[PDB]
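Structure file run.cif with mmCIF, N, CA and C atoms and all ligand atoms:
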data_model
loop_
_atom_site.label_atom_id
_atom_site.label_comp_id
_atom_site.auth_asym_id
_atom_site.auth_seq_id
_atom_site.Cartn_x
_atom_site.Cartn_y
_atom_site.Cartn_z
N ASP I 4 -1.68 -4.84 -6.32
CA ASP I 4 -1.62 -4.41 -4.90
C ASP I 4 -1.72 -2.88 -4.77
N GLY I 5 -0.87 -2.16 -5.51
CA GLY I 5 -0.93 -0.71 -5.59
C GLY I 5 -0.10 0.03 -4.57
N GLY I 6 -0.75 0.96 -3.88
CA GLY I 6 -0.16 1.76 -2.83
C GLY I 6 -0.19 3.24 -3.18
N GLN I 7 -0.45 4.07 -2.19
CA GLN I 7 -0.38 5.52 -2.38
C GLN I 7 1.07 5.97 -2.45
N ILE I 8 1.29 7.16 -2.98
CA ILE I 8 2.59 7.81 -3.02
C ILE I 8 2.38 9.15 -2.34
N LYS I 9 2.76 9.23 -1.08
CA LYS I 9 2.44 10.41 -0.30
C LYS I 9 3.64 11.35 -0.11
N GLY I 10 3.39 12.62 -0.35
CA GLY I 10 4.41 13.64 -0.22
C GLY I 10 4.75 13.88 1.23
N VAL I 11 6.03 13.84 1.55
CA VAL I 11 6.49 14.05 2.93
C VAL I 11 6.22 15.48 3.41
N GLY I 12 6.55 16.46 2.58
CA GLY I 12 6.42 17.86 2.96
C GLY I 12 4.97 18.29 3.17
N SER I 13 4.07 17.76 2.34
CA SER I 13 2.65 18.11 2.35
C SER I 13 1.75 17.17 3.16
N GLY I 14 2.20 15.93 3.35
CA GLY I 14 1.36 14.85 3.84
C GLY I 14 0.17 14.51 2.94
N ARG I 15 0.22 14.97 1.69
CA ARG I 15 -0.85 14.73 0.72
C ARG I 15 -0.37 13.78 -0.36
N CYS I 16 -1.31 13.08 -0.98
CA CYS I 16 -0.99 12.01 -1.92
C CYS I 16 -0.95 12.45 -3.38
N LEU I 17 -0.14 11.73 -4.14
CA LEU I 17 -0.06 11.89 -5.57
C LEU I 17 -1.41 11.44 -6.17
N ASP I 18 -2.11 12.37 -6.80
CA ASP I 18 -3.54 12.21 -7.13
C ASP I 18 -3.80 12.58 -8.59
N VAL I 19 -4.51 11.71 -9.33
CA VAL I 19 -4.95 12.02 -10.68
C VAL I 19 -6.25 12.82 -10.57
N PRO I 20 -6.23 14.08 -11.00
CA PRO I 20 -7.41 14.95 -10.95
C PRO I 20 -8.68 14.31 -11.47
N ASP I 21 -9.70 14.27 -10.61
CA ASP I 21 -11.03 13.78 -10.94
C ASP I 21 -11.09 12.33 -11.39
N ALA I 22 -10.07 11.56 -11.03
CA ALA I 22 -9.93 10.19 -11.51
C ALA I 22 -10.02 10.13 -13.04
N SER I 23 -9.55 11.19 -13.70
CA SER I 23 -9.52 11.23 -15.15
C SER I 23 -8.57 10.16 -15.67
N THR I 24 -8.86 9.64 -16.86
CA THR I 24 -7.95 8.75 -17.58
C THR I 24 -7.36 9.45 -18.80
N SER I 25 -7.64 10.74 -18.95
CA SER I 25 -7.25 11.51 -20.13
C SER I 25 -5.75 11.79 -20.19
N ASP I 26 -5.15 11.37 -21.30
CA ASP I 26 -3.78 11.71 -21.64
C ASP I 26 -3.50 13.18 -21.38
N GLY I 27 -2.37 13.47 -20.74
CA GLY I 27 -1.96 14.83 -20.52
C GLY I 27 -2.43 15.46 -19.22
N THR I 28 -3.29 14.79 -18.48
CA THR I 28 -3.78 15.33 -17.22
C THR I 28 -2.61 15.46 -16.25
N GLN I 29 -2.34 16.68 -15.79
CA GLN I 29 -1.22 16.92 -14.89
C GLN I 29 -1.53 16.40 -13.48
N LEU I 30 -0.54 15.78 -12.85
CA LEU I 30 -0.68 15.30 -11.48
C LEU I 30 -0.74 16.40 -10.45
N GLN I 31 -1.38 16.10 -9.33
CA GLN I 31 -1.52 17.04 -8.22
C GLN I 31 -1.32 16.34 -6.88
N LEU I 32 -1.20 17.14 -5.82
CA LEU I 32 -1.33 16.65 -4.45
C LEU I 32 -2.81 16.70 -4.07
N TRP I 33 -3.26 15.71 -3.31
CA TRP I 33 -4.59 15.78 -2.67
C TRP I 33 -4.62 14.98 -1.38
N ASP I 34 -5.42 15.45 -0.43
CA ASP I 34 -5.69 14.70 0.79
C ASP I 34 -5.87 13.22 0.47
N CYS I 35 -5.15 12.39 1.20
CA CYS I 35 -5.11 10.97 0.92
C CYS I 35 -6.44 10.30 1.18
N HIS I 36 -6.86 9.45 0.25
CA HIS I 36 -8.06 8.65 0.42
C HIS I 36 -7.94 7.33 -0.36
N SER I 37 -8.93 6.47 -0.22
CA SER I 37 -8.84 5.08 -0.69
C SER I 37 -9.02 4.82 -2.21
N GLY I 38 -9.29 5.86 -2.99
CA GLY I 38 -9.67 5.72 -4.39
C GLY I 38 -8.59 5.24 -5.36
N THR I 39 -9.01 4.84 -6.56
CA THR I 39 -8.08 4.32 -7.57
C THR I 39 -7.17 5.37 -8.16
N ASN I 40 -7.59 6.63 -8.12
CA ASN I 40 -6.78 7.73 -8.66
C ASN I 40 -5.61 8.14 -7.74
N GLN I 41 -5.44 7.43 -6.63
CA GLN I 41 -4.29 7.61 -5.75
C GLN I 41 -3.49 6.33 -5.54
N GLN I 42 -3.85 5.27 -6.27
CA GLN I 42 -3.19 3.98 -6.21
C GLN I 42 -2.17 3.84 -7.34
N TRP I 43 -0.91 3.65 -6.97
CA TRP I 43 0.18 3.53 -7.94
C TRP I 43 0.91 2.21 -7.78
N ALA I 44 1.05 1.48 -8.88
CA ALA I 44 1.76 0.20 -8.89
C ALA I 44 3.10 0.34 -9.60
N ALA I 45 4.19 0.05 -8.89
CA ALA I 45 5.51 0.01 -9.51
C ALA I 45 5.66 -1.29 -10.30
N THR I 46 6.25 -1.21 -11.48
CA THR I 46 6.47 -2.40 -12.31
C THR I 46 7.96 -2.62 -12.53
N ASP I 47 8.29 -3.82 -12.99
CA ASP I 47 9.67 -4.18 -13.31
C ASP I 47 10.26 -3.33 -14.43
N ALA I 48 9.39 -2.82 -15.30
CA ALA I 48 9.79 -1.93 -16.39
C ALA I 48 10.09 -0.50 -15.92
N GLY I 49 9.95 -0.24 -14.62
CA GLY I 49 10.32 1.05 -14.04
C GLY I 49 9.16 2.02 -13.97
N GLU I 50 7.96 1.55 -14.30
CA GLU I 50 6.78 2.41 -14.36
C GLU I 50 6.14 2.64 -13.00
N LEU I 51 5.30 3.67 -12.94
CA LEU I 51 4.34 3.88 -11.86
C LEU I 51 2.97 3.94 -12.53
N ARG I 52 2.24 2.83 -12.44
CA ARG I 52 0.97 2.66 -13.14
C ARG I 52 -0.23 2.97 -12.27
N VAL I 53 -1.24 3.55 -12.91
CA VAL I 53 -2.52 3.85 -12.29
C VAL I 53 -3.64 3.36 -13.21
N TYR I 54 -4.70 2.80 -12.62
CA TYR I 54 -5.85 2.24 -13.35
C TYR I 54 -5.53 1.01 -14.20
N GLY I 55 -4.30 0.51 -14.09
CA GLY I 55 -3.85 -0.63 -14.87
C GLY I 55 -2.99 -0.22 -16.06
N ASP I 56 -3.52 0.65 -16.90
CA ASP I 56 -2.95 0.97 -18.20
C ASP I 56 -2.32 2.35 -18.35
N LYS I 57 -2.48 3.22 -17.37
CA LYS I 57 -1.96 4.58 -17.46
C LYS I 57 -0.68 4.69 -16.65
N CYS I 58 0.23 5.54 -17.11
CA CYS I 58 1.57 5.66 -16.54
C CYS I 58 1.84 7.08 -16.10
N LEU I 59 2.58 7.21 -15.01
CA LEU I 59 3.19 8.47 -14.63
C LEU I 59 4.20 8.82 -15.73
N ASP I 60 4.10 10.03 -16.26
CA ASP I 60 4.75 10.37 -17.53
C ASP I 60 5.27 11.80 -17.49
N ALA I 61 6.56 11.95 -17.79
CA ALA I 61 7.20 13.26 -17.88
C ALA I 61 7.06 13.78 -19.30
N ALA I 62 6.53 15.00 -19.40
CA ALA I 62 6.36 15.67 -20.67
C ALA I 62 7.60 16.53 -20.91
N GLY I 63 8.71 15.87 -21.17
CA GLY I 63 9.95 16.56 -21.45
C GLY I 63 11.01 16.23 -20.43
N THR I 64 12.17 16.85 -20.60
CA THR I 64 13.32 16.60 -19.75
C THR I 64 13.85 17.86 -19.07
N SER I 65 13.12 18.96 -19.21
CA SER I 65 13.54 20.25 -18.67
C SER I 65 12.91 20.53 -17.32
N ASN I 66 13.53 21.44 -16.58
CA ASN I 66 12.95 21.96 -15.36
C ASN I 66 11.58 22.53 -15.63
N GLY I 67 10.63 22.18 -14.78
CA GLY I 67 9.27 22.64 -14.92
C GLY I 67 8.43 21.85 -15.90
N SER I 68 8.99 20.77 -16.45
CA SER I 68 8.21 19.91 -17.35
C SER I 68 7.04 19.32 -16.57
N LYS I 69 5.87 19.29 -17.19
CA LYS I 69 4.68 18.72 -16.57
C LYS I 69 4.86 17.23 -16.30
N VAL I 70 4.39 16.78 -15.15
CA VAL I 70 4.24 15.35 -14.90
C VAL I 70 2.75 15.06 -15.01
N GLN I 71 2.43 14.06 -15.81
CA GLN I 71 1.06 13.81 -16.24
C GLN I 71 0.79 12.33 -16.24
N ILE I 72 -0.47 11.95 -16.43
CA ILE I 72 -0.77 10.57 -16.80
C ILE I 72 -0.76 10.48 -18.32
N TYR I 73 -0.45 9.29 -18.80
CA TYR I 73 -0.46 8.99 -20.21
C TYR I 73 -0.59 7.49 -20.38
N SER I 74 -1.21 7.08 -21.48
CA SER I 74 -1.24 5.67 -21.81
C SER I 74 0.18 5.10 -21.71
N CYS I 75 0.33 3.96 -21.04
CA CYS I 75 1.65 3.32 -20.92
C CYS I 75 2.10 2.84 -22.29
N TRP I 76 3.36 3.11 -22.64
CA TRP I 76 3.87 2.68 -23.94
C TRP I 76 5.32 2.20 -24.00
N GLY I 77 6.04 2.28 -22.88
CA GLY I 77 7.41 1.80 -22.82
C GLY I 77 8.46 2.89 -22.86
N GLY I 78 8.03 4.15 -22.96
CA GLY I 78 8.96 5.26 -23.07
C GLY I 78 9.79 5.46 -21.81
N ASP I 79 11.01 5.96 -21.97
CA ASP I 79 11.91 6.18 -20.82
C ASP I 79 11.42 7.32 -19.94
N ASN I 80 10.63 8.21 -20.52
CA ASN I 80 9.99 9.28 -19.77
C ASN I 80 8.82 8.77 -18.91
N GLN I 81 8.54 7.48 -19.02
CA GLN I 81 7.54 6.82 -18.17
C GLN I 81 8.22 5.87 -17.19
N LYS I 82 9.55 5.99 -17.07
CA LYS I 82 10.32 5.19 -16.14
C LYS I 82 10.85 6.06 -15.00
N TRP I 83 10.81 5.50 -13.80
CA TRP I 83 11.12 6.22 -12.58
C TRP I 83 11.89 5.31 -11.65
N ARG I 84 12.82 5.90 -10.92
CA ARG I 84 13.58 5.18 -9.92
C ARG I 84 13.20 5.81 -8.61
N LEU I 85 12.59 5.02 -7.73
CA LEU I 85 12.11 5.53 -6.45
C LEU I 85 13.81 5.12 -5.54
N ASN I 86 14.33 6.23 -5.03
CA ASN I 86 15.67 6.26 -4.44
C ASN I 86 15.07 5.49 -2.81
N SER I 87 16.18 5.38 -2.09
CA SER I 87 16.13 4.92 -0.72
C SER I 87 15.78 6.07 0.21
N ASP I 88 15.97 7.32 -0.24
CA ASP I 88 15.55 8.50 0.54
C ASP I 88 14.17 9.06 0.17
N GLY I 89 13.44 8.37 -0.71
CA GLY I 89 12.11 8.81 -1.10
C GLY I 89 12.04 9.77 -2.28
N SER I 90 13.15 9.95 -2.98
CA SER I 90 13.13 10.78 -4.18
C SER I 90 12.66 9.92 -5.34
N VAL I 91 11.88 10.50 -6.25
CA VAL I 91 11.39 9.77 -7.41
C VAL I 91 12.00 10.42 -8.64
N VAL I 92 13.00 9.77 -9.21
CA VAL I 92 13.80 10.35 -10.28
C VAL I 92 13.37 9.81 -11.63
N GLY I 93 13.19 10.70 -12.60
CA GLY I 93 12.85 10.30 -13.95
C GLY I 93 14.07 9.76 -14.66
N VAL I 94 13.95 8.58 -15.26
CA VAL I 94 15.11 7.90 -15.84
C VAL I 94 15.64 8.65 -17.05
N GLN I 95 14.75 9.13 -17.90
CA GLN I 95 15.17 9.88 -19.08
C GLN I 95 15.82 11.23 -18.73
N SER I 96 15.27 11.93 -17.75
CA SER I 96 15.64 13.33 -17.49
C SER I 96 16.71 13.50 -16.42
N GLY I 97 16.76 12.56 -15.49
CA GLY I 97 17.55 12.71 -14.29
C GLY I 97 17.06 13.84 -13.40
N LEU I 98 15.78 14.21 -13.56
CA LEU I 98 15.13 15.22 -12.73
C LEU I 98 14.14 14.52 -11.81
N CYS I 99 13.69 15.22 -10.77
CA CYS I 99 12.88 14.62 -9.71
C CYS I 99 11.43 15.06 -9.71
N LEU I 100 10.55 14.16 -9.28
CA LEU I 100 9.15 14.50 -9.02
C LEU I 100 9.11 15.57 -7.96
N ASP I 101 8.42 16.66 -8.25
CA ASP I 101 8.52 17.87 -7.46
C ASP I 101 7.17 18.57 -7.37
N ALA I 102 6.70 18.85 -6.15
CA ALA I 102 5.48 19.63 -5.97
C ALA I 102 5.81 21.11 -6.18
N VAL I 103 5.20 21.68 -7.21
CA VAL I 103 5.49 23.02 -7.71
C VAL I 103 5.48 24.10 -6.63
N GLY I 104 6.56 24.87 -6.60
CA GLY I 104 6.68 26.03 -5.72
C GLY I 104 6.74 25.66 -4.25
N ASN I 105 7.20 24.44 -3.96
CA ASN I 105 7.16 23.89 -2.61
C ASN I 105 5.75 23.97 -2.00
N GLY I 106 4.74 23.85 -2.86
CA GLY I 106 3.35 23.88 -2.44
C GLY I 106 2.99 22.64 -1.64
N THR I 107 2.04 22.78 -0.72
CA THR I 107 1.54 21.67 0.11
C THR I 107 0.03 21.46 0.05
N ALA I 108 -0.72 22.43 -0.47
CA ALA I 108 -2.18 22.39 -0.42
C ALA I 108 -2.77 21.48 -1.50
N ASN I 109 -4.00 21.03 -1.29
CA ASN I 109 -4.77 20.37 -2.33
C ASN I 109 -4.65 21.15 -3.64
N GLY I 110 -4.36 20.43 -4.71
CA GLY I 110 -4.32 21.02 -6.03
C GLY I 110 -2.94 21.47 -6.47
N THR I 111 -1.93 21.42 -5.60
CA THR I 111 -0.61 21.86 -6.08
C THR I 111 -0.11 20.87 -7.12
N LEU I 112 0.38 21.42 -8.21
CA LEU I 112 0.75 20.62 -9.37
C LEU I 112 2.08 19.92 -9.16
N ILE I 113 2.29 18.89 -9.96
CA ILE I 113 3.52 18.12 -9.93
C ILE I 113 4.28 18.33 -11.23
N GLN I 114 5.60 18.49 -11.10
CA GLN I 114 6.50 18.76 -12.21
C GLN I 114 7.80 17.98 -12.03
N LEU I 115 8.63 18.02 -13.06
CA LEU I 115 10.04 17.69 -12.94
C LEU I 115 10.82 18.91 -12.49
N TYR I 116 11.81 18.69 -11.63
CA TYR I 116 12.70 19.76 -11.19
C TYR I 116 14.04 19.19 -10.74
N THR I 117 15.08 19.99 -10.87
CA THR I 117 16.41 19.66 -10.36
C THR I 117 16.31 19.02 -8.98
N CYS I 118 16.89 17.83 -8.86
CA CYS I 118 16.85 17.09 -7.61
C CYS I 118 17.52 17.90 -6.52
N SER I 119 16.82 17.97 -5.39
CA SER I 119 17.29 18.68 -4.22
C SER I 119 16.94 17.88 -2.98
N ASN I 120 17.16 18.47 -1.81
CA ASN I 120 16.77 17.87 -0.56
C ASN I 120 15.46 18.43 -0.01
N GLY I 121 14.71 19.13 -0.86
CA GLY I 121 13.40 19.65 -0.48
C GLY I 121 12.43 18.54 -0.12
N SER I 122 11.58 18.80 0.87
CA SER I 122 10.60 17.82 1.32
C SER I 122 9.45 17.70 0.31
N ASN I 123 9.37 18.67 -0.60
CA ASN I 123 8.44 18.59 -1.73
C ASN I 123 8.94 17.67 -2.86
N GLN I 124 10.10 17.05 -2.67
CA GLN I 124 10.58 16.02 -3.57
C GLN I 124 10.75 14.67 -2.89
N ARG I 125 10.19 14.50 -1.69
CA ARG I 125 10.26 13.25 -0.97
C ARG I 125 8.88 12.62 -0.86
N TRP I 126 8.84 11.31 -1.09
CA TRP I 126 7.61 10.54 -1.21
C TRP I 126 7.76 9.19 -0.52
N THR I 127 6.73 8.76 0.20
CA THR I 127 6.74 7.44 0.81
C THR I 127 5.63 6.54 0.27
N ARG I 128 5.84 5.24 0.47
CA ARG I 128 4.92 4.16 0.10
C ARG I 128 5.22 3.61 -1.31
N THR I 129 4.38 2.71 -1.82
CA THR I 129 4.66 1.92 -3.03
C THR I 129 3.86 2.32 -4.28
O1 LIG O 1 3.46 21.60 -29.87
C1 LIG O 1 3.96 21.44 -28.55
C2 LIG O 1 3.09 20.45 -27.79
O2 LIG O 1 3.15 19.19 -28.43
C3 LIG O 1 3.56 20.32 -26.33
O3 LIG O 1 2.63 19.56 -25.65
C4 LIG O 1 3.12 18.49 -24.82
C5 LIG O 1 3.71 17.39 -25.72
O4 LIG O 1 4.05 16.24 -24.93
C6 LIG O 1 2.89 15.64 -24.33
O5 LIG O 1 3.29 14.50 -23.66
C7 LIG O 1 3.98 13.48 -24.42
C8 LIG O 1 3.09 13.01 -25.58
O6 LIG O 1 3.75 11.95 -26.29
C9 LIG O 1 3.93 10.78 -25.49
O7 LIG O 1 4.54 9.81 -26.28
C10 LIG O 1 3.76 9.24 -27.35
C11 LIG O 1 2.86 8.11 -26.83
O8 LIG O 1 2.11 7.52 -27.92
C12 LIG O 1 2.95 6.91 -28.92
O9 LIG O 1 2.13 6.48 -29.95
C13 LIG O 1 1.41 5.24 -29.82
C14 LIG O 1 2.11 4.17 -30.67
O10 LIG O 1 1.27 3.00 -30.78
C15 LIG O 1 0.09 3.28 -31.53
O11 LIG O 1 -0.57 2.08 -31.75
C16 LIG O 1 -0.80 4.24 -30.73
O12 LIG O 1 -1.88 4.65 -31.56
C17 LIG O 1 -0.02 5.50 -30.30
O13 LIG O 1 -0.71 6.14 -29.24
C18 LIG O 1 3.90 7.94 -29.50
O14 LIG O 1 4.80 7.31 -30.40
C19 LIG O 1 4.70 8.67 -28.42
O15 LIG O 1 5.43 9.73 -29.02
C20 LIG O 1 4.82 11.09 -24.28
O16 LIG O 1 4.83 9.97 -23.42
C21 LIG O 1 4.30 12.31 -23.49
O17 LIG O 1 5.28 12.72 -22.55
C22 LIG O 1 2.26 16.61 -23.33
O18 LIG O 1 1.06 16.04 -22.83
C23 LIG O 1 1.95 17.95 -23.99
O19 LIG O 1 1.64 18.90 -22.97
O20 LIG O 1 3.61 21.60 -25.70
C24 LIG O 1 4.46 22.54 -26.40
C25 LIG O 1 3.92 22.77 -27.81
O21 LIG O 1 4.71 23.73 -28.50
#
If you took the structure in this file and wrote it as C-alpha cells, what would it be?
Amino acid sequence: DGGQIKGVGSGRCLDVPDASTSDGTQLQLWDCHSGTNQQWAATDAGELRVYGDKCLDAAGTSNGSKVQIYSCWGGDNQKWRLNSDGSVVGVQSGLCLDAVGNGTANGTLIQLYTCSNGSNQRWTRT
C-alpha cells in the first residue's frame, strides 16, 4: 500500500534522491509527488521500507547521524516508532528523524537529532 511521509514544518515529503537504490544515500525533503521514491511502507518489524527491499536506516546513534537508505537486514538502526504526535523515533538511538537546520526547502537533508517539539521533526501519513 505504501504512503508518503510528509514533513509538517516543510509540507515536503521524505524523498530518496533520484530514486536511487544505492546504500548510503542520505534522505531529503522534496515536493510531494506520486513516485516510488516517496512511498514508505511500515512493517511489523518496525521498518520503513521503500522499493520493497530498502530500509530507512540510521548511520549511528549520535546527534547529526545521517539517515539513509540501506538494504533491509533486521538491524535495530532500521527500526522506527512513528509516535501519536508524528515524531519518528529511531529504536536503537532514541533520537528523532529531523530535517537538518530546521530546513524546509527541496534538498534539505535528514538526520537523527535529539527529540524536540520542532515541526521539522513532525511527520504525517503511513
Ligand atoms: O570508516 C567510517 C565509515 O565506515 C563511516 O561511514 C558510515 C558507516 O555506516 C554506514 O551505514 C551503516 C552500514 O552498515 C549497515 O549495516 C550492515 C548491513 O549489511 C550487513 O551485512 C550483510 C549480511 O548478509 C550478507 O549476506 C550480506 O552480504 C551483507 O550485506 C552488515 O552485517 C551490517 O553491519 C548499517 O545498517 C548502516 O547504518 C554509512 O552509510 C556510512 O556513511 O563514516 C565514518 C568513517 O570513519
Self-check item: Surrounding residues as a PyMOL selection string, ligand LIG 1 (chain O), max 5 Å, only N, CA and C atoms and all ligand atoms
Solution: chain I and resi 27+61-63
Put those residues in a file: N, CA and C atoms, as a short mmCIF file (atom, residue, chain, number, x, y, z; two decimals), in the frame of the given file.
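What landed in selection.cif:
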data_model
loop_
_atom_site.label_atom_id
_atom_site.label_comp_id
_atom_site.auth_asym_id
_atom_site.auth_seq_id
_atom_site.Cartn_x
_atom_site.Cartn_y
_atom_site.Cartn_z
N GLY I 27 -2.37 13.47 -20.74
CA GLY I 27 -1.96 14.83 -20.52
C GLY I 27 -2.43 15.46 -19.22
N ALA I 61 6.56 11.95 -17.79
CA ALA I 61 7.20 13.26 -17.88
C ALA I 61 7.06 13.78 -19.30
N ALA I 62 6.53 15.00 -19.40
CA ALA I 62 6.36 15.67 -20.67
C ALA I 62 7.60 16.53 -20.91
N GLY I 63 8.71 15.87 -21.17
CA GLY I 63 9.95 16.56 -21.45
C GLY I 63 11.01 16.23 -20.43
#
Quiz item: Using only N, CA and C atoms, which residues sit within 8 Å of residue 119 in chain I once same-chain residues fewer than 6 positions away are excluded, as a VMD selection string?
Solution: chain I and resid 98 to 99 125
Quiz item: If you measure from CA of residue 124 in chain I to atom C of residue 103 in chain I, what distance in Å do you get, rounded to one decimal?
Solution: 10.0 Å
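From CA of residue 64 in chain I back to atom C of residue 129 in chain I, the distance works out to 23.1 Å.
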Quiz item: Near range 68-76 of chain I, within 6.5 Å and counting all atoms listed in the file, which residues show up once chain neighbours fewer than 3 positions away are dropped, as a PyMOL selection string?
Solution: chain I and resi 25-30+56-65+113-116
Self-check item: All helix (DSSP H, G or I) residues (DSSP, backbone) inside range 38-109 of chain I, as number ranges by chain
Solution: I: 39-41, 79-81, 103-105
Quiz item: Taking into account only C-alpha atoms, which residue in the set I:13, I:23, I:109, I:7 is nearest to residue 42 in chain I?
Solution: I:7
Quiz item: What is the distance between CA of residue 83 in chain I and atom N of residue 95 in chain I, in Å to one decimal?
Solution: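 It comes out at 7.1 Å.
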Quiz item: For the point (10.5, 3.3, -2.9) in file coordinates, what residues are within 8 Å, counting only N, CA and C atoms? Give the answer as a list in words?
Solution: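 The residues near that point, listed by chain and number, are residues 84, 85, 86, 87, 88, 89, 90, 91, 126, 127, 128 and 129 of chain I.
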Self-check item: Backbone DSSP call of strand (DSSP E) for chain I, listed as a ChimeraX atom specification
Solution: /I:9-10,16-18,31-33,44-45,51-53,57-61,70-74,83-85,91-93,99-102,113-116,126-127
With N, CA and C atoms retained, export the selected residues as a short mmCIF file (atom, residue, chain, number, x, y, z; two decimals), in the frame of the given file.
data_model
loop_
_atom_site.label_atom_id
_atom_site.label_comp_id
_atom_site.auth_asym_id
_atom_site.auth_seq_id
_atom_site.Cartn_x
_atom_site.Cartn_y
_atom_site.Cartn_z
N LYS I 9 2.76 9.23 -1.08
CA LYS I 9 2.44 10.41 -0.30
C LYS I 9 3.64 11.35 -0.11
N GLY I 10 3.39 12.62 -0.35
CA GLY I 10 4.41 13.64 -0.22
C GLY I 10 4.75 13.88 1.23
N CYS I 16 -1.31 13.08 -0.98
CA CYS I 16 -0.99 12.01 -1.92
C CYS I 16 -0.95 12.45 -3.38
N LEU I 17 -0.14 11.73 -4.14
CA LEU I 17 -0.06 11.89 -5.57
C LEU I 17 -1.41 11.44 -6.17
N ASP I 18 -2.11 12.37 -6.80
CA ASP I 18 -3.54 12.21 -7.13
C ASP I 18 -3.80 12.58 -8.59
N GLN I 31 -1.38 16.10 -9.33
CA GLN I 31 -1.52 17.04 -8.22
C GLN I 31 -1.32 16.34 -6.88
N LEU I 32 -1.20 17.14 -5.82
CA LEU I 32 -1.33 16.65 -4.45
C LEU I 32 -2.81 16.70 -4.07
N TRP I 33 -3.26 15.71 -3.31
CA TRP I 33 -4.59 15.78 -2.67
C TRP I 33 -4.62 14.98 -1.38
N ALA I 44 1.05 1.48 -8.88
CA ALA I 44 1.76 0.20 -8.89
C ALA I 44 3.10 0.34 -9.60
N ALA I 45 4.19 0.05 -8.89
CA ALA I 45 5.51 0.01 -9.51
C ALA I 45 5.66 -1.29 -10.30
N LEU I 51 5.30 3.67 -12.94
CA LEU I 51 4.34 3.88 -11.86
C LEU I 51 2.97 3.94 -12.53
N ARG I 52 2.24 2.83 -12.44
CA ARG I 52 0.97 2.66 -13.14
C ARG I 52 -0.23 2.97 -12.27
N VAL I 53 -1.24 3.55 -12.91
CA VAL I 53 -2.52 3.85 -12.29
C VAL I 53 -3.64 3.36 -13.21
N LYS I 57 -2.48 3.22 -17.37
CA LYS I 57 -1.96 4.58 -17.46
C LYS I 57 -0.68 4.69 -16.65
N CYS I 58 0.23 5.54 -17.11
CA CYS I 58 1.57 5.66 -16.54
C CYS I 58 1.84 7.08 -16.10
N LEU I 59 2.58 7.21 -15.01
CA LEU I 59 3.19 8.47 -14.63
C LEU I 59 4.20 8.82 -15.73
N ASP I 60 4.10 10.03 -16.26
CA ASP I 60 4.75 10.37 -17.53
C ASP I 60 5.27 11.80 -17.49
N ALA I 61 6.56 11.95 -17.79
CA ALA I 61 7.20 13.26 -17.88
C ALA I 61 7.06 13.78 -19.30
N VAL I 70 4.39 16.78 -15.15
CA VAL I 70 4.24 15.35 -14.90
C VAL I 70 2.75 15.06 -15.01
N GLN I 71 2.43 14.06 -15.81
CA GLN I 71 1.06 13.81 -16.24
C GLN I 71 0.79 12.33 -16.24
N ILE I 72 -0.47 11.95 -16.43
CA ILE I 72 -0.77 10.57 -16.80
C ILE I 72 -0.76 10.48 -18.32
N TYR I 73 -0.45 9.29 -18.80
CA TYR I 73 -0.46 8.99 -20.21
C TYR I 73 -0.59 7.49 -20.38
N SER I 74 -1.21 7.08 -21.48
CA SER I 74 -1.24 5.67 -21.81
C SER I 74 0.18 5.10 -21.71
N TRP I 83 10.81 5.50 -13.80
CA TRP I 83 11.12 6.22 -12.58
C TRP I 83 11.89 5.31 -11.65
N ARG I 84 12.82 5.90 -10.92
CA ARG I 84 13.58 5.18 -9.92
C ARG I 84 13.20 5.81 -8.61
N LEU I 85 12.59 5.02 -7.73
CA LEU I 85 12.11 5.53 -6.45
C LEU I 85 13.81 5.12 -5.54
N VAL I 91 11.88 10.50 -6.25
CA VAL I 91 11.39 9.77 -7.41
C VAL I 91 12.00 10.42 -8.64
N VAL I 92 13.00 9.77 -9.21
CA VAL I 92 13.80 10.35 -10.28
C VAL I 92 13.37 9.81 -11.63
N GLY I 93 13.19 10.70 -12.60
CA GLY I 93 12.85 10.30 -13.95
C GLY I 93 14.07 9.76 -14.66
N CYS I 99 13.69 15.22 -10.77
CA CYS I 99 12.88 14.62 -9.71
C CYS I 99 11.43 15.06 -9.71
N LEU I 100 10.55 14.16 -9.28
CA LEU I 100 9.15 14.50 -9.02
C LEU I 100 9.11 15.57 -7.96
N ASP I 101 8.42 16.66 -8.25
CA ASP I 101 8.52 17.87 -7.46
C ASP I 101 7.17 18.57 -7.37
N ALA I 102 6.70 18.85 -6.15
CA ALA I 102 5.48 19.63 -5.97
C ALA I 102 5.81 21.11 -6.18
N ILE I 113 2.29 18.89 -9.96
CA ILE I 113 3.52 18.12 -9.93
C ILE I 113 4.28 18.33 -11.23
N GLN I 114 5.60 18.49 -11.10
CA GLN I 114 6.50 18.76 -12.21
C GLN I 114 7.80 17.98 -12.03
N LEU I 115 8.63 18.02 -13.06
CA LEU I 115 10.04 17.69 -12.94
C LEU I 115 10.82 18.91 -12.49
N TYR I 116 11.81 18.69 -11.63
CA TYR I 116 12.70 19.76 -11.19
C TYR I 116 14.04 19.19 -10.74
N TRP I 126 8.84 11.31 -1.09
CA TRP I 126 7.61 10.54 -1.21
C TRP I 126 7.76 9.19 -0.52
N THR I 127 6.73 8.76 0.20
CA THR I 127 6.74 7.44 0.81
C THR I 127 5.63 6.54 0.27
#
